[PDB]
Structures are given as C-alpha cells and as structure tokens.
Amino acid sequence: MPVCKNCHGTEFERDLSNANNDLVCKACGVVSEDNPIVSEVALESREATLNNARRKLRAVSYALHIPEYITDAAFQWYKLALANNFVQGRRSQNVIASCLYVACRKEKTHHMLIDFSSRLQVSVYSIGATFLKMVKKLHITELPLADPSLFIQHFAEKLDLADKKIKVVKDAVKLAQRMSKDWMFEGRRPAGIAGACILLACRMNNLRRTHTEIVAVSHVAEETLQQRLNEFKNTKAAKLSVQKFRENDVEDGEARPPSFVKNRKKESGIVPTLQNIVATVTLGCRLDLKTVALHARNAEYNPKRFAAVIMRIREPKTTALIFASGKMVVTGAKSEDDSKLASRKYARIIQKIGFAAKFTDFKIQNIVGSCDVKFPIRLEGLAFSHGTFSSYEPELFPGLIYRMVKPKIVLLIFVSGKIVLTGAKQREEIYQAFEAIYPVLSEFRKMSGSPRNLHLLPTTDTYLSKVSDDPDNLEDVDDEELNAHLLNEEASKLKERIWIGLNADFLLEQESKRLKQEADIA
Amino acid sequence: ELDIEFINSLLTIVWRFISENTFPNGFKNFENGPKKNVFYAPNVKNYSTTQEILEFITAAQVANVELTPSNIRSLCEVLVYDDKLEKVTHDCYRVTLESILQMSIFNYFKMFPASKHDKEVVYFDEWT
Amino acid sequence: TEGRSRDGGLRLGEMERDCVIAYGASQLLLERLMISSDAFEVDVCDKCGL
Amino acid sequence: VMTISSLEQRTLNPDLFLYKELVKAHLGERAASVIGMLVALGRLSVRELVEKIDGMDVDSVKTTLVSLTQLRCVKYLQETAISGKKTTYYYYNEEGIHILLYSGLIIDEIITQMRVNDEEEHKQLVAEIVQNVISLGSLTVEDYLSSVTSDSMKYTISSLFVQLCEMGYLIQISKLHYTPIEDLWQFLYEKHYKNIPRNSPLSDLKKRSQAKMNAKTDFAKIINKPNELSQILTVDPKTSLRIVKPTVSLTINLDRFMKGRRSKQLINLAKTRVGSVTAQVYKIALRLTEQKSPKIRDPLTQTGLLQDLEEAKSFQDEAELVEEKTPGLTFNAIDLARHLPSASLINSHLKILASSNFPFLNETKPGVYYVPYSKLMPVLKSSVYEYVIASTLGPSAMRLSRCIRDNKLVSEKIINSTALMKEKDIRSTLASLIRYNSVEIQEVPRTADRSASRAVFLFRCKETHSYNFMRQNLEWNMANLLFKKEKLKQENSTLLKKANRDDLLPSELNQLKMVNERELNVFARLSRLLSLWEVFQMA
DNA sequence: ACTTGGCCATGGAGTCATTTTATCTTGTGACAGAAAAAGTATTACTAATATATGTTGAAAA
DNA sequence: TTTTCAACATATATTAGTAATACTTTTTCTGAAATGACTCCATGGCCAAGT
Ligand SMILES: [Zn+2]
Ligand SMILES: [Zn+2]
C-alpha cells in the first residue's frame, strides 16, 4: 500500500529471519516501519427477533445433521428476508423452513424438502407454498437444481447392506445417468427415481430388499416406485440389454416420455386455444343475499362457511358470482360474447326481483389459454438458460412455470408439449407471448412452424361490441328462460324453510352476538 | 371524578364564581374597579362557598354526576396551590386577585423577551 | 512481547532490577528501562503540566 | 468547546467569582488579584500574601491594600502575640463590594430625600455629592467643601446640611467600625471571663451567662455608638444652623440603604394582595417607620457566636419583642395625611389599616391603629420567597411544589391525588424540578438491606437548601453577565480612548448605538437580578 | 454551707474487616404479556394439466 | 390369491376477483495477620436540690 520514502518503490517485504520482522523495500532497502507493533490475546425489536431466529434456526439445523456452517448463510437470507417484510404475517416455521432449504439447495447438498417438513404437523405443502412464494419476492432463479447423484449417497448409508453398495453406488449412478438421457427423468420427484435406481442396482447386485424398507429412506409411494420401474421396463434395450456386464451403450435412440404417448392413445401454425375468461361487474347498488337467494334456479347462500350467493347458468355454460356489496365476479366465460351477454342476464333476476342492479365496471381480470406443440421438451436446461424469466421450481409440481415480463403473463409447461397461458387480460398479448416463446420451445430440442399472421381473429373489443354494453339493456338480451329460472313462491318458502331451518344455528350465534352488542354497554 | 381530564373546565367555573364572591364583579375595564373599599366596611364581609358551591354546582350544563362536599375542598386546595384563590378561616376562601394576571417590577405574565440573536441573556440552566 | 515463539525479549524483575542499584549504576538503568525498551518523546506543556 | 456557553469560566468558580470580577472590572489588575486570594484562602497576613500572589512584595500589597481600605473593601485587624513583635491580618470588608455592586441604586437613594427641590440643580448637586462620597471613601464637609468652591453660600452650595442624617447618608467610621464582628465579640469576650474577682472554679454558669449578658449588654452600645451620636448631628456653630461635626470623616451607611430597599420589596408583595389605594397607603406607612426596624441589623451576633438549642431560643424570642414595644412607640399609632393627592374626609379613609390582613401587618396594641413588626418582620420574611419558579419551570410546577409546602414528606401516590394532573406531566414537572434541587428526596428501605426498586420513596422541602442555591443567581449573571460586559469592552477598547477625548466614521457611530443599547441591557438586566437578590442573601 | 442523683462526655475493649503472601519459564482459553399493526391464510370459483396417493376393486392369472 | 388395470378421486401452482374471518407474527411498553473502625461500657466531673 505505501511507498518508500526514498526509492519510491511499491514492493515491500517483511523479513522474518532474525526476529525483527522489519518491513523493507526490495528497492533501496530502507525500512518503512520497524518495531512491528502487534496486538495479542441494546433494546431493539430486531435483536430479539433476529437472535431468536438464530435460536430457532440452529435448533432445526443439527436435527437434520446439516452443516452448522450453512446455518449462517441461511440465517442471513432470513435477514434479507425480513428486509422486505415478507416474514411478518406467516407461520414462523414455514418462513425459516424455506430460509434454510433455499440455503442447503444453494450448496447442492442432500436434504429433500419432504424430509425437511416431517419435523412438523405440516403437509409438505404449506412449506411448498412459502418456499415457492419467496422465490418471487427475493429475486433468485438459477441456483437450486436438484439432481439424483446426491440423494443416492445419503440413501446408501441408511440402506444397511454392506460395503458392496459402494460398487452398487458406482453401479446405480451410471444407471440413473442413462435414464436421464433416456428422457424419462423430467416431471418426477427426484427421490422417486433415486430409490428406483437404488432398488434396480440392488437387485442387479443380487441382494433382496423389500419395497417398503426402500421408501423408508426414500419417502415415496410403493406404487410410485414400481410405476416408473415399469416405465423403465419398456425402454430401449430395457429387457434386451438387461443382462450382466453393466451395459455400456450410451446411444439413446428415440426420446418418448409417457406424456404425448397418452395423446397418442387418445388420437406457430397451431394457435393457442382459449379456455376460460374471468371478469368483474358492479351493480352500483348493494342488495340482500337473503332476499336475492329467494327466487333463482342457481343459488347457494351459506354464510356459515362463506358469505355470498353462488349463481351459474346452463347456457351459455357460464357461472359468474355475486357479492354482498352489490358487485360480482364473471366466471364460466369461454369468450367475451357469452361473458357480458350472460353477465347482463344475471342482472335480469335482480332487476326483475331485487334492487336497481345496473351494469357497471365490466373488465376482464384474466384470460385462460392453452396449447400443445406435440414434441418432447427439456426443462432442466431451459431454466438453466432462461432462468432470469424462467423459474422451474424443483419437484414441487409437475410443470415448469415461466414469468414473462413483456408482456407480463404466466405460462405453464408440460414435457408433453401442453403449454398453458393465463394471467392475461388481452387476447393479443397471449399470441404475442406464444409466438415470442415458441422460438424458445423450438430453440430447445434435440435430434406448427408457420405463424401465418401475428393477428388473425377479431380483437377482444370486437366481441365486447357484439354484446350490448348499455347497463339499461336487459330485456333485449333476456332469454325469457329467466322468467322460468325463477322458482314459485312455495319453492321459495319451503326451500327457504329448509335453508333457514338448518342455518338457524348460524343465526343463533348471529343474533345472540347482536344481543351481546347490548351487553357491550355494561 | 374520573382520573383523566376535563376537570379544569369546571375549575375555571368555580374560580369565576368565587372571583365574583369577593368584591362586585370583575370591573377590570378601567383602573379602579375593585371593591370601592368592599362596599361598606371592607372587614365585615367574610364570604365563601363551602356548602354554598353545590347550590351553584346545580347549574350543570355538563354531562356528569353530582359531587361530594369533601371533593369540593379537594378541588379548592389545588387552586390554593396554583394561587388562583386563597384559603381564609377553614372552609372559607378568598381570591388572590390574580384576575389581574387574567387581564425588578415583578410578575411572570405581562413580560416577553427578545430571545433571538444577542448573546446576553439570563437562563436558569447552564449552571446546573 | 513475551517468551519464545512470539518473539524475543526478556524479563527484568524488581527482584533483579534492584541489583544494578547496589552497584550504583544510573546510566545502565537509563539505557535499560528507558532507551532500550520504550524510548518515547512526549510533548508536554510547562504551564499547567499535561 | 465552542466557547459560547463558556465552560472554563462557568462552574468551578462560585461565590468569589463575583468579586474577582468586581474588583477587577471596577479597579483592575494587581488591585483585584489580592482580594481573590483573600476571600479564597480566608485570613491572611501582609508578608504572607506575597508568599502566593507573586505580587512584588510590600509594593502592591501596601498600595493596593490601603487603597482598598480607603474604599473600605477589606477588614483590618492587628494585634501582637504574647511571644512578642506585632502583626496585622486582613479580611474582606463584609459585603462592602456590596457598595460597588449596588452603586447607582445607592444613588437612587436620592428619591427618598428627593423632596424639597424636585428634579433641580439640587438633584444634580446631591447626586454629585453622594456619587463622590462613594468614589473617594470617608469624606469631610470641611475638606470636600474645601475642594468645592469657596466664595459662595457654603450651607447652600453644599445644601445637604441637616439632611446629612436622615436614615442613610453617613456615620463617622473609626476603629471598631470595621473589625470582624466575630473577633470583636471575642475581644469583648475579655473583661468578663478574663476579669473575674478570682471567685471560685464552681458553676461555670455564673462564669458564663453573666459574662455573656455582660458581653451582650456591653455589645449593644458598641453597635449603637455608630448608630447615632449627637456630637456629630447637634453642632450648631455661630452665624449658622445645626450641622454635623464638619471635622470627622463620615461614610455611607449600608444598612439604612438595605432597610430602605427592603421596604420596596414589601411594597411589591403588598402591591399584589391589596388595592392600589391601600397599597400606596402602606407605601407611605413604612416611610415613617422605615427608620428604626433592624431587618439585617439585629441577627448580628447570630453570626459570631455558637448558638444554644436552649439559649438560641432566648435569642429568637428576644427578636420577637425587639421592635414591638419600645420601637413600637416610634411606629404608627396616630398619623395623618402624610402627602396624598379618599379626598374630603380622610379619617375613615385612614381606617383602611384593617384591610391589611394576609400574610402581614393586621395586628396592633388592642385597638390603636398600629402595625407590629418585631413579630411581623420576622414572621414576614419567611413568606417572601413565593414565585421565582413560575416562568422558570412553568406554572404547573408551583402547585405541586406549593403542595409539598403545606403537607410534608408526601408520597407521589397521594400527590397524584392531592394535586391534580395525569402522570405524564407530574413525572416531568417534578423531575424537572428535582434536578434544580428544591424538593430533594427522602427514602426508607422496604424489606431491604438497602435496595432501590423494592424500597419506597418520599419527598420533602427543607427550604434552607431551596432558598440557598438560588444564590446561584449570584454567580449566575451577576458574574457571567458582568463579564459579558467586560469582554465586550475590548472590541471598542481602541475606540474607548477615542470617545474619551472626543467629548467620526459612519460605522463607528453604528457600533456606538450597538454597545450603548448593549450596556443599557447589561445593567438594567443587573438591577432586575439584584431586585431578586436582596431577598435571599439576607432576610 | 455539704451529700445525692442524674447526666454527658470520654476512655478503654471487645467487637467486626482489607491486602499482601517469588521469579523466567511456556502454552494455553438482555422478561413477559398485551396492543395494535400489519400482514397473510381461507373460503368460493374454472381450469388447463402431470404427478402422487390410495383404495379398491375389479378384473385377470 | 395376486397382480393388472384402472379408475376414480383427489390435491396440486396460476389468476384474480372478493370480504370476511381468523391467525399469527412483528413493533412498542411497562409490572492467614494485622491494623482500621465501632460500639459498648464505666468513670469523672459538673450541675442541682435536700440538708
Ligand atoms: Zn524503499
Ligand atoms: Zn498547558
């Protein structure tokens, strides 16, 4: 760092020979410093919570015999995790859980999220929730790729047997390796294929162990085990090469996961098919769900569970919904025509029976869409490549999910080629994203294609214009079957007599609480 | 009472009454309004509420219950401490004529400082 | 600092230090407990010494 | 650091820190530095001084010391030991810097005698007179009138003639005038123990009270010898009128100035609790009795003798009657229309005396209109504190302090009840009051060997303290302020010599107005303090 | 004048407490309970999926 | 009897609407030796009233 006060050289060396330890320059030999002085020998909400999190954290740590080391990395994630206030209103367990799991993933170690969970009451789902949730907030993609080669180890130790397993290990992995190139590996809990290959080489090592004692370490289902085993039974050179001497064939042949094979059982160019559309509507006037529940064919009013009435219609196969505030959700819409059209038909009951019920605030919140490319897909490299926008979560669900920024829409990915699209309010943005990421699909392949026009069908506002937008136009689009969709007065009475009859326990605590309101005075 | 506030509200009320009880009413308009030597014989008049206040407390115009004669005195003592009024001959009382502060040569009010810039002032701290 | 390992230097104890007093050497102390160990220049102030 | 709150000059110097400026500011250099040593280290001897000051022996000490004596800023006592030789020793003259510290107020003494000629040359005359009499020392009408022009009317040019007596003005000061009052008590302590007709060793009581009574009764005329002596006042030479003795040097009396200025503070206290008419009445009511009462004069021997938990009562009850009976004859009995502007019949208008009730006057000999004092004056002073903690901490403070007044050693649980306010205020306006002392603390160990939390706390007053460190007011701006006068001077120091021989530049005229308003603040500010000072230090 | 009692001050005396007791080595080593804020989890929707889990059971061997 | 299928159901992350309720976290807010002293006692002496 410093410079010689004479030679003006920057090269300094501390001579350790004679027990001076002087610092000198190799240039003029002047010393910088002789006499080498050396050393020897509150109130916060954050200190409480944090150090408490090193307590609770370190607790679950050596339970799993993970490195104590990694705890410090995870903890500081928890630190950063608190910075966004993501950690506030959830179950402390699920928080620190993912907080540790994300760490031990970043190190590529063997602990499987299933194993991590069973310390608790928990469903390996709530954890699966929280983990995948903090994937969004704290921005992380590339790191956590789980792989078989690790799980077999921690398995292998608990598998008893003898020193032979090491050979078996060396045996099994090369097995599992080809199965990955055998292109059956994706879309599977890695533990499953783990215990699978273990059972395989074990049988190949002529040692007899049950299916149960395997999943004792594996934590998968017996049937889940033998299924993919059978999926191996039909493979190329499956029973053909199944003899001894550890088949050295690395040549894969074809790649055919039992995915589009199911489509073979059922049987750019292809445009993604629309599926469902959901919107919202506002009447502008609040109503009585009790009174609205009186005359309808489609109604469910059960305040004990959920406060609302459930409505739907046979045609045009739509559902929608209602609120108490005088608003409603629009569901069951396979297109925009049937959306606002039937949406007004829902106001025909009220404006026929209940209050003013105008038609206001009609906006699609989301549109569902799906498509299929009819060819196999490699997910492991996809997220390994596009991971910035591409989150393939580990075995916490079959499909890969993709978060597109431009425009912002979520797409789901099945190796079958089935590709789902939702999170969009616009039909054009759908096919924009589809023809945009189609070169990513075709981009990742091993060894239709004509987009035609980027926009073919009429726009969304064309179909919205195909329906009367005026809140006062009702009887024009009234089916007159809604005159039939009203039940008679006796159906109301006796039907409401049954409903109230079984709901008077809800009304019991209801109005009893209303009396407690008077008791509040004292 | 209730432990918390809205007391001094009625305090200034009783101080109005007893303030009247001394000489005739305030008469602070011009220089000499006081007492004109207390009517006749600025001796003979020995005046207070004690019992009498609760008859004046009858006025209400405020949401509350009644109040006990013992608690009356407990109020008046505070004003003795604040010197809003004086204690003469047991439950009798006077006023300290600090209706004048209502409004060297010495009193707190009727005085204001410069208290900006110039470095020559008098504090009560910075000896400490 | 102390002993072997770290680095050199040795002990003059009050049990020993007295020895040179008997011989009467002033200059050996001033070399010894002054120059050779911690030689230091302090700047003081005559007025109100500190 | 930052020097603006000035810490170096700001604490380790109480008491004396006043004087060492006064004599410095008002005299300077060597003349000052002695008194600083004197007050600090107490009793001291001529040669012994220079053991410390480094003041060039028997030069300054001689010059400066006698210089002070002419201004009577020092007390002077010499005697010889029994071994031989002789020696002197010195003290600082009582207050005495009291004189300097007041000054222009002692000039304002004119206002009492301001009558006859009102705001005349006579005003300016007597002004020049007294302001010179303080400046020099003791004066003689012979030598001063000699310095004054001859060949004009001497009893007129110098028209303050019979007026030389009044209450204040002058008394011949000699010898026993200024000696430590203590040590003169110890000297008068001779003749009584030292003189006994070798009677018996038995019963020191006969040796004591007798000697003490003899000590006491002889002491009386000792202070009354200066009080008034006719051979001064009575002289009426030929072709002339009744004059003092023009020969002897006489000096300003401090106590009748003390007395008179005290009367003003009572005029202020009453100027509250009664009416302006009744007030003004009382204002001229003292003017007849303002002569006699001791105020600070009687306690006297209270300094300079060990009290006795028995005999000190014989001192206090002596004070209870002292002014009441015989000096009561000098006091208000029947007095009529002193000046006044109520009008027409003035008699029942005089009967207003009974209107005075609390907490002063309002007693008499049974039915003659009279005000007691020897009881009143003592039972009065104990009240006078009052305010002086209103703007200070805020008014909400008083009532609780004032509450701690009546009842005593009272826990805050029942303070919260007795006084009235939430906790949030009481905690502050108490704690804010306790750092400034006053209230102090009591406690008791509660199931403790000696512990904090488990114990319970009490309060008190103990007014001696609370009064006392209000003499921080002494060191407060009667020191810091006066210095803020001094350090100012050096800015215009180069100008001061100019303005001296002037009676130029616009900015010079600007800072003239500046330093002038500055001054007019600093001294009027002082008088504001001093008016608040007169209470505590004495009475 | 002449003896006693009480009384207060002082001198001993048997009471309890603070700091030493050697060098040169030479490795070694914060309270809880509660309040309130804030925030999220549900509980209805379709709804395209592909695993998983099971159970059961039915049908085949 | 077993094994196959298989089927049958059922969560399962996506997306918003809700609105409502409930439920947890967070962030404040206070119930051996040898002198030192220390007290504890005993006498001297002094002051007094009865003698
Ligand atoms: Zn160099
Ligand atoms: Zn210095």
# chains A, B, ... in the order shown; residues from 1 in each chain; ligands from 1

call {"tool": "residues_near_ligand", "arguments": {"ligand": "ligand 2", "cutoff": "12 Å", "atoms": "only C-alpha atoms (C1' of nucleotides) and all ligand atoms", "output": "MDAnalysis selection string"}}
result
chainID C and resid 43:50

call {"tool": "residues_near_ligand", "arguments": {"ligand": "ligand 1", "cutoff": "12 Å", "atoms": "only C-alpha atoms (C1' of nucleotides) and all ligand atoms", "output": "NGL selection string"}}
result
:A and (2-13 or 23-33)

call {"tool": "select_by_dssp", "arguments": {"residues": "chain B", "states": "alpha helix (DSSP H)", "output": "ChimeraX atom specification"}}
result
/B:8-22,51-57,69-81,99-102

call {"tool": "residues_around", "arguments": {"residues": "stretch 24-38 of chain C", "least_positions_apart": "4", "cutoff": "10 Å", "atoms": "only C-alpha atoms (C1' of nucleotides)", "output": "ChimeraX atom specification"}}
result
/C:9,12,17-20

call {"tool": "residues_around", "arguments": {"residues": "residue A:319", "least_positions_apart": "6", "cutoff": "8 Å", "atoms": "only C-alpha atoms (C1' of nucleotides)", "output": "PyMOL selection string"}}
result
chain A and resi 311-313+330-333

call {"tool": "select_by_dssp", "arguments": {"residues": "chain B", "states": "strand (DSSP E or B)", "output": "ChimeraX atom specification"}}
result
/B:85-87,93-95

call {"tool": "interface_residues", "arguments": {"of": "chain C", "to": "chain A", "cutoff": "10 Å", "atoms": "only C-alpha atoms", "output": "count of residues only"}}
result
4

call {"tool": "residues_around", "arguments": {"residues": "residue B:90", "least_positions_apart": "5", "cutoff": "12 Å", "atoms": "only C-alpha atoms (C1' of nucleotides)", "output": "list in words"}}
result
residues 46, 47, 48, 49, 50, 73, 76 and 77 of chain B

call {"tool": "residues_around", "arguments": {"residues": "residue F:11", "least_positions_apart": "4", "cutoff": "10 Å", "atoms": "only C-alpha atoms (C1' of nucleotides)", "output": "mmCIF file with N, CA and C atoms (P, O5', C5', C4', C3', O3' and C1' of nucleotides), in the first residue's frame"}}
result
data_model
loop_
_atom_site.group_PDB
_atom_site.id
_atom_site.type_symbol
_atom_site.label_atom_id
_atom_site.label_comp_id
_atom_site.auth_asym_id
_atom_site.auth_seq_id
_atom_site.Cartn_x
_atom_site.Cartn_y
_atom_site.Cartn_z
ATOM 1 N N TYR A 125 -46.669 -28.925 2.009
ATOM 2 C CA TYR A 125 -47.420 -28.153 1.042
ATOM 3 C C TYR A 125 -47.325 -26.697 1.458
ATOM 4 P P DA E 52 -44.098 -37.792 -9.112
ATOM 5 O "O5'" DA E 52 -44.942 -37.589 -7.778
ATOM 6 C "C5'" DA E 52 -45.422 -38.735 -7.107
ATOM 7 C "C4'" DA E 52 -46.593 -38.402 -6.219
ATOM 8 C "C3'" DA E 52 -46.981 -39.518 -5.256
ATOM 9 O "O3'" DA E 52 -46.854 -39.052 -3.938
ATOM 10 C "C1'" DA E 52 -48.889 -38.597 -6.332
ATOM 11 P P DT E 53 -46.424 -40.063 -2.775
ATOM 12 O "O5'" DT E 53 -47.824 -40.618 -2.261
ATOM 13 C "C5'" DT E 53 -48.833 -39.683 -1.940
ATOM 14 C "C4'" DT E 53 -50.180 -40.348 -1.784
ATOM 15 C "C3'" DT E 53 -50.140 -41.828 -1.418
ATOM 16 O "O3'" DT E 53 -50.674 -41.985 -0.132
ATOM 17 C "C1'" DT E 53 -51.791 -41.349 -3.072
#

call {"tool": "closest_atom_pairs", "arguments": {"of": "chain D", "to": "chain F", "cutoff": "9 Å", "atoms": "only C-alpha atoms (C1' of nucleotides)", "output": "tab-separated table"}}
result
residue	atom	partner	partner_atom	distance
D:202	CA	F:46	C1'	8.5
D:203	CA	F:47	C1'	7.1
D:205	CA	F:47	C1'	9.0

call {"tool": "interface_residues", "arguments": {"of": "chain E", "to": "chain C", "cutoff": "12 Å", "atoms": "only C-alpha atoms (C1' of nucleotides)", "output": "list in words"}}
result
residues 22, 23, 24, 25, 26 and 27 of chain E

call {"tool": "closest_atom_pairs", "arguments": {"of": "chain A", "to": "chain E", "cutoff": "6 Å", "atoms": "only C-alpha atoms (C1' of nucleotides)", "output": "CSV"}}
result
residue,atom,partner,partner_atom,distance
A:89,CA,E:39,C1',4.5
A:90,CA,E:40,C1',6.0
A:306,CA,E:43,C1',5.9
A:398,CA,E:50,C1',5.3

call {"tool": "write_last_selection", "arguments": {"atoms": "N, CA, C and O atoms", "output": "tab-separated table (two decimals), in the first residue's frame"}}
result
chain	number	residue	atom	x	y	z
A	89	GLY	N	-46.37	-11.91	8.53
A	89	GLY	CA	-47.66	-12.44	8.92
A	89	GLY	C	-47.84	-13.92	8.63
A	89	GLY	O	-48.98	-14.39	8.56
A	90	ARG	N	-46.76	-14.67	8.47
A	90	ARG	CA	-46.88	-16.10	8.22
A	90	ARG	C	-46.40	-16.95	9.37
A	90	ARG	O	-45.91	-16.43	10.38
A	306	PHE	N	-69.13	-19.35	3.85
A	306	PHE	CA	-68.66	-18.21	3.07
A	306	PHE	C	-69.87	-17.31	2.82
A	306	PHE	O	-70.97	-17.81	2.57
A	398	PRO	N	-45.61	-30.72	-11.23
A	398	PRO	CA	-45.09	-31.32	-12.46
A	398	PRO	C	-44.53	-30.34	-13.47
A	398	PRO	O	-43.48	-30.62	-14.05

call {"tool": "interface_residues", "arguments": {"of": "chain F", "to": "chain A", "cutoff": "10 Å", "atoms": "only C-alpha atoms (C1' of nucleotides)", "output": "list in words"}}
result
residues 11, 12, 13, 14, 15, 16, 17, 18, 19, 20, 21, 23, 24, 25, 26, 27 and 28 of chain F

call {"tool": "closest_residue", "arguments": {"among": "D:188, D:73, D:403, D:520", "to": "chain B", "atoms": "only C-alpha atoms"}}
result
D:403

call {"tool": "residues_around", "arguments": {"residues": "stretch 39-41 of chain B", "least_positions_apart": "6", "cutoff": "10 Å", "atoms": "only C-alpha atoms (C1' of nucleotides)", "output": "PyMOL selection string"}}
result
(chain B and resi 23-24) or (chain D and resi 348+351-352+354-355)

call {"tool": "write_last_selection", "arguments": {"atoms": "C-alpha atoms", "output": "mmCIF file, in the first residue's frame"}}
result
data_model
loop_
_atom_site.group_PDB
_atom_site.id
_atom_site.type_symbol
_atom_site.label_atom_id
_atom_site.label_comp_id
_atom_site.auth_asym_id
_atom_site.auth_seq_id
_atom_site.Cartn_x
_atom_site.Cartn_y
_atom_site.Cartn_z
ATOM 1 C CA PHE B 23 -65.947 42.263 45.689
ATOM 2 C CA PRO B 24 -68.542 43.101 42.988
ATOM 3 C CA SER D 348 -62.265 56.588 57.905
ATOM 4 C CA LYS D 351 -59.242 53.251 58.948
ATOM 5 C CA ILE D 352 -58.297 51.191 55.874
ATOM 6 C CA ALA D 354 -57.689 46.877 58.998
ATOM 7 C CA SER D 355 -57.956 45.947 55.307
#

call {"tool": "interface_residues", "arguments": {"of": "chain D", "to": "chain B", "cutoff": "8 Å", "atoms": "only C-alpha atoms", "output": "ChimeraX atom specification"}}
result
/D:5,10-11,268,272-273,275,352,354-355,390-392,395-396,398-400,402-403,418-422,435-436,472,476-477,481,484,522,527-532

call {"tool": "atom_distance", "arguments": {"atom1": "atom CA of residue D:405", "atom2": "atom CA of residue B:94"}}
result
19.1 Å

call {"tool": "atom_distance", "arguments": {"atom1": "atom CA of residue D:209", "atom2": "atom CA of residue D:296"}}
result
25.1 Å

call {"tool": "closest_residue", "arguments": {"among": "E:31, E:3, E:12, E:19", "to": "residue A:48", "atoms": "only C-alpha atoms (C1' of nucleotides)"}}
result
E:31
